[PDB]
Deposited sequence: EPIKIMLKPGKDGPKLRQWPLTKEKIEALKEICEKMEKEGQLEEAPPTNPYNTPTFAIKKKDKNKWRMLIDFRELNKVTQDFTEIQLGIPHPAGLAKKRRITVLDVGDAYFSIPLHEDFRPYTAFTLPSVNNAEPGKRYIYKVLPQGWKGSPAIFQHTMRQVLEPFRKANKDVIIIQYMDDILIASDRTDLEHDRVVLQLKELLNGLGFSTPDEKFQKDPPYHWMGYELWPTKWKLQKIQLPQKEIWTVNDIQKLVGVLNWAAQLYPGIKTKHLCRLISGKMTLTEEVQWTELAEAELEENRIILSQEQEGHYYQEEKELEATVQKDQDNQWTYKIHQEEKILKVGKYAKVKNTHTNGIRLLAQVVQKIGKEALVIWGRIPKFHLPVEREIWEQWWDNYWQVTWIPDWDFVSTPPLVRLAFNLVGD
C-alpha cells in the first residue's frame, strides 16, 4: 500500500500555466499519455481539480518532461535527497541513465494524486486542454526516487557487492554508473545493470578528462597605466569574494599618472602586493568551502572575450569557476547556447557535489521560459532566476583559465 503524502503547512498544490508547444510535440505528448493511461499510470482529471503543472517534451522519439519544481517546493519532507561519495569525481567514466519509467510500478496515494495534474495543449486552441493526474510515482517528483528506494535497493545492493569497484548512485530520475574499468568492461557493467532494471536515454561523462580552471591574474612584460587600472578593477571585484585581496600599493603606482599608454615604474610594495594577491587567489581556490546546508548556486555569464563562463558559489563563496571554448557557428541561437552551457554545468555539479545548482541566468525571464525546452536533453530542471551581467564581471571572468 502507498504511504500518506503531505503538502507543507499552509501550502496548496501547483496552479501554473501550460506553455504553447509545437504541433509535433503535442502529438507526441498525447500519444505518450494515451499509452500511460491505457497502462493505468494516469487517469483523466476532473473539472473539480484546480491544479496544474507545466508539461514539456524533449528529444528520434520524444520523452515527456513534466516540470514538478513547484510541487517539489510544496511537498513535505524528502529533503534529504537534494548522500554523496566524493570518489565519483575521480572515476574515469560515468554513465548516466534515466530510470524514471521504473517508477510506474509503484502506486501513488490517492489523496496526493490530484496535485499532479497537468494539461496537454492543442494547436490554435482547437479543443479544451486534455488533463491528467498520476496514479503512480511520477518522474520528476522528489518523492518518487525516495518511495522507490526499496524496489531499487532489492536490485542494486546485490549488484553492488558483486562490483565493489564501481560506484552506482541515484540522483532523482538519474542513475550514475561510475568506474575505472576499460570501456568494454564498463559498457558490460552498464548493460548488466540495465538488464536488471528491465525486470537508453542517458549520457556519458569523463570526469578525469575535465580540466580544472582558476582565476589567474595577468602577467605582462610591460605594464601601462591602463593595465594597472584594469588589474586594480578586477582585484576590486575579487576583494568582494576573496578575503585578503588588496590594491592600495598597485593604485599608488598610477596615483600620479593619467596617460593610459604610459608605463608604470614598479615599487617593491606593489610587486609584493601583486604577488601576495596571486598567492591568495591560488591558495584560496584550492580550498574547500562547501556547505551542503546552504543552497548550491551557479551564475553564468559571457566573458568580455565573449566566451561562456560560470562560477559555482554559495552566496559570495566561490567553489569553482569554468570557461567553455568559443563557439564557431556565428549564427547560433542564444537560448540554445545558454541551455547547453546550463546542462553541462549541472552535469558537472552532479558528479562533484551530487546536486543541481540554482542558476542565475543572463537572459530575460519571458524569453527563457518560452524557449528553454526546445534545447533541453536532460530529465532534470533546476530552479533559476534572471540577472544582468555587470561590465566588470565580464572582465573578471576573462581571467579564468589553465
Q | Deposited-sequence ranges lacking C-alpha coordinates, in sequence order | A | 60-63, 87-89, 207-223
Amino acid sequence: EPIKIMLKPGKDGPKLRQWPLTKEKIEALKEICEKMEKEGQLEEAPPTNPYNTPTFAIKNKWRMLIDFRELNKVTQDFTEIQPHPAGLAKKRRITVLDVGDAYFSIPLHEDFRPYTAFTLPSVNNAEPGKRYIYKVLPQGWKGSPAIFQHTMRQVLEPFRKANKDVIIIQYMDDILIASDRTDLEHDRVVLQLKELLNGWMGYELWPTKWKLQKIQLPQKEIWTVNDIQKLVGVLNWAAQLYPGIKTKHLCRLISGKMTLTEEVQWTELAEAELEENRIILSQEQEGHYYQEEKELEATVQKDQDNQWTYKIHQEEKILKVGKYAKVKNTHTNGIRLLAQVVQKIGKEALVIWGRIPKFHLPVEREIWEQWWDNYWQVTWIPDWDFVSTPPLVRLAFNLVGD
From here on, numbers count along this sequence of modelled residues.
Q. What stretch has the higher average Cα B-factor here, 62-70 or 332-340?
A. 332-340
Q) On average, which has the higher Cα B-factor in the deposited entry, 73-81 or 256-264? A) 73-81
Q: Pick out which of 120, 123, 177, 89 has the highest C-alpha B-factor in the PDB entry.
A: 89
Q: Name the one of 163, 226, 236, 95 with the greatest CA B-factor according to the PDB entry.
A: 163
(Q) How does the C-alpha B factor of residue 114 compare with the rest of the chain: lowest, middle or highest third? (A) lowest
(Q) Per the entry's values, where does residue 6 land by CA temperature factor relative to the rest of its chain, in the lowest, middle or highest third? (A) middle
Q | Chain thirds of CA B-factor: placement of residue 372 | A | lowest
Q) Once the chain's modelled residues are ordered by C-alpha B factor and cut into thirds, is residue 241 in the lowest, middle or highest one? A) lowest
Q) How does residue 249 rank on Cα B-factor within its chain, lowest, middle or highest third? A) lowest
